[PDB]
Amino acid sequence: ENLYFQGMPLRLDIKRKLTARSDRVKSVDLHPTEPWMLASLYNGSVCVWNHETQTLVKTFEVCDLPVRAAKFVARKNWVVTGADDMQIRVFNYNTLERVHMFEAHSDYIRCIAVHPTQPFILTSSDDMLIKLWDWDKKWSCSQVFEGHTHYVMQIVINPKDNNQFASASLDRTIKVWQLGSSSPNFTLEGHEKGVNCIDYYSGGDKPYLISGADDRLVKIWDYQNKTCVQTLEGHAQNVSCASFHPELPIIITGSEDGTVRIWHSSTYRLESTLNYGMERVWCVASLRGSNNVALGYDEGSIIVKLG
């Protein structure tokens, strides 16, 4: 695990684009065409920062309980939110209006994933369920995904097969699903404690996803062979978030240890451990065609340009 065994450090140019001090940030999202970062806060605020002006340009009155999930739906001019009061709230970011809301779940909403081509959102909950909603059909529930036996912390749609998606649960399992069926395709076991995050590698050359757990571990999974291909140790606490960068050959992980770790996406060399002094890390967002990465902490959110 040193220069006699591991390759040369990656060149990783790092510039701070935004530092937005706030109450605890539970989710971030980057807008595909506006220079915008979304953040959802413990205090029930959802904020849109312009990372070119470095100004707060929009906020939404969502509720005064935590909002753990917020995403843009760029093609609908929406921010979709999920709150601890079990409501999905859809806002128009042009008019700032709440255009729709409904009761989605019977406990905290942890996560939202927005279908890229179909009028669907997936929601995941402490009620142990994942639900499919069709905004072309009056936000009616298309599907209830049953099988997790604890909180479903995070869900992500396979960007190479939009009929497939994966879930991370405090039941220590990852499940892989297809939209047509209420029962999982399969379960991936290996984490020793609750799984907090799940992401797909976007490249066609590996059928990989990445997870982080309360066991302090990051794991790389082959979703075809249904095996753990790699365990990455070094985090000193719960791993809250994990992503493959879409434009750089890196993996980015964040932890309640207050660090973001950057690893080489093929060799798994530790490139970087960065504690930006905002206490616990909760969430990371990246954007196809961008070097910008959003990070949410106890003490606010930042955007770093990587490479």
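When you see a residue number, it is the position in the sequence shown, counting from 1.
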Legend entry - Higher-scoring stretch by recorded Cα B factor average, 55-63 or 256-264: 55-63
Inset, instruction - Would you determine, from the values in the PDB entry, which of 170-178 and 88-96 has the greater average C-alpha temperature factor? - result: 170-178
Inset, instruction - Please pick out which of 117, 77, 196, 81 has the largest Cα B-factor as recorded in the entry. - result: 117
Inset, instruction - Identify, among 219, 110, 216, 138, the residue whose C-alpha carries the highest B-factor in the deposited PDB entry. - result: 138
Inset, instruction - Could you say whether, by C-alpha temperature factor, residue 47 belongs to the lowest, middle or highest third of its chain? - result: middle
Inset, instruction - Please rank the C-alpha B-factors of the chain's modelled residues and tell me whether residue 12 sits in the lowest, middle or highest third. - result: highest
Inset, instruction - Compare the C-alpha B factor of residue 245 with those of the other modelled residues in its chain, then answer lowest, middle or highest third. - result: highest
Inset, instruction - Within this chain's modelled residues, let me know which third the CA B factor of residue 125 belongs to: lowest, middle or highest. - result: middle
Inset, instruction - Report the third (lowest, middle or highest) to which the CA temperature factor of residue 102 belongs, ranking only the modelled residues of the same chain. - result: middle
